[PDB]
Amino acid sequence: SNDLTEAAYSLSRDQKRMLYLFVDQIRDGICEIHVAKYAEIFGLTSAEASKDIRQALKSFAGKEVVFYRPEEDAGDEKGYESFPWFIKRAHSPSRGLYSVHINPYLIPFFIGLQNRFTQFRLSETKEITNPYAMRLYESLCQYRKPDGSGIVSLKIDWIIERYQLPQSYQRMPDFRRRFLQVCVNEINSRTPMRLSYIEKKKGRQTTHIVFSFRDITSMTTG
């Protein structure tokens, strides 16, 4: 689907938090990171907001968003087009100011994030590079109730689909330790969602996976 998204998750929390600002503001080119605005948008001293901001920016070094391409390629070689998050970025303890020049090519997709930052609470998600974990995660969320909890049954053949999984995983045992186990155990170690699941079989062949999640923020136990 949208790589720019699959990139966001790929970021450090404090980073994706940063990104919110930039998108909250998009509600051009060069922008300065307002500690004060950040500090209170996440309940925090400027002392701390500062620190975070600083690391995030630094960590944002050498990054980039990859938009894959079909036509442009041929053979056992896929074609792309890649862009760094920031054309320019810099800090100055002296004037206590953090500057960042957002790469233009990318700006146009930000507006897309807010729908994310809000529905899927991205701003509080550790680094996630499993394009399938992500996909599953947005699906499950989709079924949340204002209780930050839920149960939803998905059909395997439906999963393997809207999550474009590799053929080999059609062989259930693999599906297990490659997708299911991995992802569920990745939603619990990165996102604020807790995930439990049960295999619901119709005979010997297991047909559906029934997940039950809840909002770890509103939980009081393991």
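One rule holds for the numbers: they count along the sequence shown, beginning at 1.
The deposited sequence places 4 to 9 unmodelled residues between residue 27 and residue 28.
Once the C-alpha B-factors are averaged per stretch, 30-38 and 179-187 rank with 30-38 first. As listed in the deposited structure, the average C-alpha B-factor of 68-76 and of 84-92 is greater for 68-76. Among 47, 165, 156, 57, the highest C-alpha B-factor in the deposited entry belongs to 165.
Within the listed group 139, 123, 114, 129, the record reports its top CA B-factor for 114. For residue 100, the recorded CA B-factor ranks within the middle third of the chain. Only modelled residues enter the ranking. Split the chain's modelled residues into thirds by C-alpha temperature factor. Residue 21 is in the middle one. Among the modelled residues of its chain, residue 220 has a C-alpha B-factor that falls in the lowest third according to the deposited record. Residue 205: CA B factor in the highest third of modelled residues in this chain (values from the PDB entry).
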